[PDB]
Structure formats: structure tokens, C-alpha cells
Chemist: 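Let me give you the structure first, and then I'll get to my questions.
Order of listing sets the numbers, starting from 1, for every ligand and every atom in it. Heavy-atom basis, side chains included; hydrogens, waters and symmetry copies ignored. To find a chain, count down the sequence lines: A is the first, B the second, and so on, and within it residues start at 1.
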Amino acid sequence: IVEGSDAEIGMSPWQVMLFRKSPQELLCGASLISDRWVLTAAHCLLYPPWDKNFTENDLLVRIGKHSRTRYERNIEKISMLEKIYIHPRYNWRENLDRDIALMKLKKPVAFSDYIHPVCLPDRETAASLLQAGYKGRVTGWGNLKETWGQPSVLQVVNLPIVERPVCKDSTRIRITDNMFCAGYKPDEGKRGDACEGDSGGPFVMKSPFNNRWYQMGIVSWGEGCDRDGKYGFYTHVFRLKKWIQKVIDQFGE
Amino acid sequence: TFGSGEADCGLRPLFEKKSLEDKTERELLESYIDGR
Amino acid sequence: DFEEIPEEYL
Ligand SMILES: CN(C)C(=O)NN(CCCCN)C(=O)O
Ligand SMILES: *[C@@H]1O[C@H](CO)[C@@H](O)[C@H](O)[C@H]1NC(C)=O
């Protein structure tokens, strides 16, 4: 995250760290949606153009973390993956449309002060919060700058959702209804963005109606980090909810 | 796990459950054209 | 830069 701040302890208890077994490295962010399921971006796992094709056995999920590199004894929980599910129509050839995927944990994780799931939005929540100007929050241990360094602790930044047209007009990539973009306008004099290392992480919003946190987006793509006139694109969780339900019901939960 | 997320979903043990607010949540709420 | 995790997780 570029231009964010240190998160407070237990501030995003659904924040998950996708961790590479070997070499040991941070792959991307992710989010805990229940005791056995993690949500992330398909591209964090599969991206043929770069020869990226991660498997269950290649990864580790670390939950309840704060510090990026430390092994937080008695705080974090590390789990293994039972299965990975990528959206059958994720479009890695053209614009990462439907960049989403579910990971089923080998075993349910126990909630604690530092580990707790986020809610998935319903039609109405989506309808009310997913509006230009409304702000969401992104969190992650990704880079602090486009080229640079790296944070010690989880970072956070709040960003405004942007109108579709401005989104479209900011890039040459074909934008779909399964994405939304967010960030400040050059004009705004306020910066911030997700960056390398943050993908797959959650873009969340707090409902003013029921006080709960909802994940409306997944950090998906962007051209550079925090560049002027550029925005972050996120997977539209709600639009892809049916697929999410489908998978959790047909395979576990 | 699903629709509207969980049950206890989205309520943080260290914040919502204790009625404490994080340092910038206000920002969000205020953009929804001022919160609850 | 990553601190070692327990081998039970590997
Ligand atoms: C195709 N799109 C949508 C891009 O953002 N281009 N990329 C691809 C990055 C995806 C790699 N896992 C990039 O610029 O890094
Ligand atoms: C990813 O690897 C799996 C085997 O683990 C393979 O079935 C799938 O074809 C690969 N995805 C490709 C190469 O697009």
C-alpha cells in the first residue's frame, strides 16, 4: 500500500496472508469469509503469461497477522489449503475479468480477537454503498512505492469509489461490469493505492445501517501504483456472489 | 460463509464488539454522506 | 526477510 498508515491491532481481522512455502514469500493478500474459506484474486494463483500456476500444496495461508515478516507466536494461525477454486470464466488472456477465487482450508480456523471473518454483501448492501465518492478501505503488506520500500506492519488506506466513465477513460484496457475502480483524482490532493504484494486483498466498507464490515472488492489490477490519473481496479464481489454461494454450497462451507 | 457474509461477520472483536472505533473509520462513514 | 515458521506448517 502506497500512502497508507499502519493498521491498528485487530483492525482487519479478516486479512489473510497468502504465503509462499518455498521460496518463502508473500504472494498476495486474501480474506477470511468464514471459518474454512478464504477469498482472493484468481491471478494470485494463475497467470499463464508469466508462468504462474499455484497449487494447493504450494501455499500457506497465514491469518491474524500484523507484522509482515515475523512469525507471530500465539497470535497468527497458519493453515493449509484443501482446495482452490478459480472462476471458470476468469479472463487472464485479456483483462482479468472475474479475477476471483476461493480457497478451502484444510481445517476450520478458530476465531480470536485477531481472526474474524468479513461479511459478503447482499444486493441491497451493494446497492447502497457501491457509489461514486463513497470510501472503502484497502489493506495489505504490499510495497509502499512503485519502485523503491516495504512495510513492517499491515498498512491501510481509505479510498473513494470512482465513476465508471472516469475509470474507463483512464486506461486502454476494456473494463467490465465485474470490476470497479477506486482512488483519488489528481485534483483531489490525496493519494493512496494498493501496490505490489497487496493484490487479492479486500476492499471493504462499513455499513452505516448495521455496523458491519462488508467486502465489496478484491484488489485486482492497476497500472503502476498511486500514479496520477490512474486508478485501482477491483473485482466486484457482489456481481460474482452467486458463483461464490454456488461453490461454498456445492463443496463445503 | 455467504449471503451478507456470516452471522457474527463483519463485527470486530476489538472494535465493534467493544464499541470502540478505529482511527479512520469515521472517514468512511462520513463519505456515505455522514454515517448512522 | 521472512522469519522462519514452524516446520509443522511445512
Ligand atoms: C492485463 N492487465 C489488466 C494488467 O494490469 N496488465 N498487467 C498484468 C498483471 C497480472 C499478473 N499476474 C500489468 O500491467 O501488470
Ligand atoms: C495449472 O496446473 C494444473 C495442474 O496442476 C493444470 O491442470 C492446469 O492446466 C494449469 N493451468 C493452465 C496450464 O492453464
Side-chain angles (χ1 to χ4, degrees), chain A residues 1-2 16-23 25-31 38-61 80-106 138 140-148 150 159 161-162 164-183 192-203 217-237 239-240 243 247 251:
Chain A
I1 306 301
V2 175
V16 170
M17 176 187 292
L18 246 159
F19 189 81
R20 199 186 185 161
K21 270 186 195 171
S22 210
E25 42 174 19
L26 168 71
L27 256 20
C28 266
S31 72
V38 164
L39 184 66
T40 199
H43 87 260
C44 278
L45 309 173
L46 181 73
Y47 198 63
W50 282 11
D51 297 293
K52 171 204 295 177
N53 183 8
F54 293 116
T55 265
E56 345 274 6
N57 296 355
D58 291 328
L59 318 144
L60 249 37
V61 142
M80 296 179 142
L81 302 169
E82 190 181 320
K83 236 294 206 200
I84 288 182
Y85 297 84
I86 308 229
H87 197 293
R89 306 184 70 208
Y90 154 47
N91 191 342
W92 52 270
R93 306 179 141 279
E94 182 209 346
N95 49 3
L96 298 192
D97 188 27
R98 314 183 195 81
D99 189 6
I100 181 159
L102 291 165
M103 314 174 90
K104 143 142 307 182
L105 300 196
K106 232 182 239 199
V138 182
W141 290 282
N143 299 346
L144 295 165
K145 253 155 80 202
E146 202 171 319
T147 301
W148 65 67
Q150 283 143 2
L159 292 174
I161 289 166
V162 177
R164 312 211 49 105
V166 178
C167 302
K168 257 162 155 357
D169 286 347
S170 73
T171 168
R172 316 148 80 126
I173 287 160
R174 175 187 75 80
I175 303 313
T176 71
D177 288 341
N178 302 311
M179 311 170 183
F180 63 93
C181 91
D193 188 22
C195 202
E196 203 178 315
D198 294 317
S199 305
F203 169 96
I218 301 166
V219 177
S220 178
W221 63 272
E223 310 162 290
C225 309
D226 204 27
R227 303 228 198 101
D228 302 78
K230 293 275 168 173
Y231 302 90
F233 285 76
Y234 295 81
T235 310
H236 197 313
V237 170
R239 300 258 323 186
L240 294 152
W243 171 77
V247 6
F251 314 106

Chemist: At less than 4.0 angstrom from any non-hydrogen atom of A:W221, what atoms of ligand 1 do you find?
Modeler: 3 (C), 5 (O)
Chemist: If you take all heavy atoms of A:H43 and A:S199, which pair is closest and at what distance?
Modeler: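 Heavy atoms of A:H43 and A:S199 come nearest at NE2-CB, 3.6 Å.
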Chemist: To the closest 0.5 Å, what do you measure between CG (A:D193) and CG (A:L159)?
Modeler: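 One gets 7.0 Å once the value is rounded to the nearest 0.5 Å.
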Chemist: Show the nearest heavy-atom pair for residues A:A101 and A:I86, with the distance to one decimal.
Modeler: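 Taking every non-hydrogen atom into account, CB-CA, 4.0 Å.
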Chemist: Going by an N to O cut-off under 4.0 Å, is there a salt bridge joining A:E223 and A:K230?
Modeler: yes
Chemist: I'd like to check which ligand 1 atoms, numbered from 1 as shown, lie under 4.0 Å from a non-hydrogen atom of A:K52.
Modeler: 12 (N)
Chemist: May I ask which of A:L45, A:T171, A:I173 has a heavy atom nearer to atom 2 (N) of ligand 1 than the others do?
Modeler: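 It is A:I173 that holds the nearest heavy atom.
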Chemist: Ignoring hydrogens and geometry, is there a side-chain-to-backbone donor-acceptor pair from A:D198 to A:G142 under 3.5 Å?
Modeler: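 Such a contact is found between A:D198 side chain and A:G142 backbone.
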Chemist: Have a look at ligand 1 and work out which part of A:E223, if any, has a heavy atom under 4.0 Å from it: side chain, backbone, both or neither.
Modeler: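 Neither part.
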Chemist: Answer yes or no on whether A:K83 is positioned over the face of A:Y85, meaning its NZ or CZ is under 6.0 Å from the six-membered ring centre and within 45° of the axis.
Modeler: yes
Chemist: If we count only non-hydrogen protein atoms and require a distance under 4.0 Å, does atom 15 (O) of ligand 1 qualify as touching the protein?
Modeler: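 Under the 4.0 Å cut-off, atom 15 (O) of ligand 1 has no protein heavy-atom neighbours at all.
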Chemist: A:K104 and A:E82: salt bridge (charged side-chain N to carboxylate O under 4.0 Å, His left out), yes or no, with the steps?
Modeler: CA-CA 5 Å; A:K104 143 142 307 182; A:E82 190 181 320; 5.2 Å; no
Chemist: Between A:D99 (side chain only) and A:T235 (backbone N and O only), is there a donor and an acceptor less than 3.5 Å apart?
Modeler: no
Chemist: Is atom 11 (N) of ligand 2 in close reach of the protein, with a heavy atom under 4.0 Å away?
Modeler: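 Neighbour list for atom 11 (N) of ligand 2 includes protein heavy atoms (cut-off 4.0 Å).
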Chemist: Give me the nearest non-hydrogen protein atom to atom 10 (C) of ligand 1 as residue plus atom name, then the distance to 0.1 Å.
Modeler: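 Of every protein heavy atom, A:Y47 CZ, 3.6 Å lies nearest to atom 10 (C) of ligand 1.
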Chemist: Tell me: protein heavy atom nearest atom 14 (O) of ligand 2, and distance?
Modeler: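 The answer is A:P48 CG, 4.3 Å.
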Chemist: Checking a contact table here: which protein heavy atom is nearest atom 1 (C) of ligand 1, and how many Å away?
Modeler: A:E94 O, 4.0 Å
Chemist: May I ask which of A:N53, A:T55, A:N57 has a heavy atom nearer to atom 6 (C) of ligand 2 than the others do?
Modeler: A:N53
Chemist: Provide, to 0.1 Å, the distance between atom 13 (C) of ligand 1 and the closest protein heavy atom, together with that atom's residue and name.
Modeler: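 Looking at atom 13 (C) of ligand 1, the protein heavy atom closest to it is A:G222 O, 5.0 Å.
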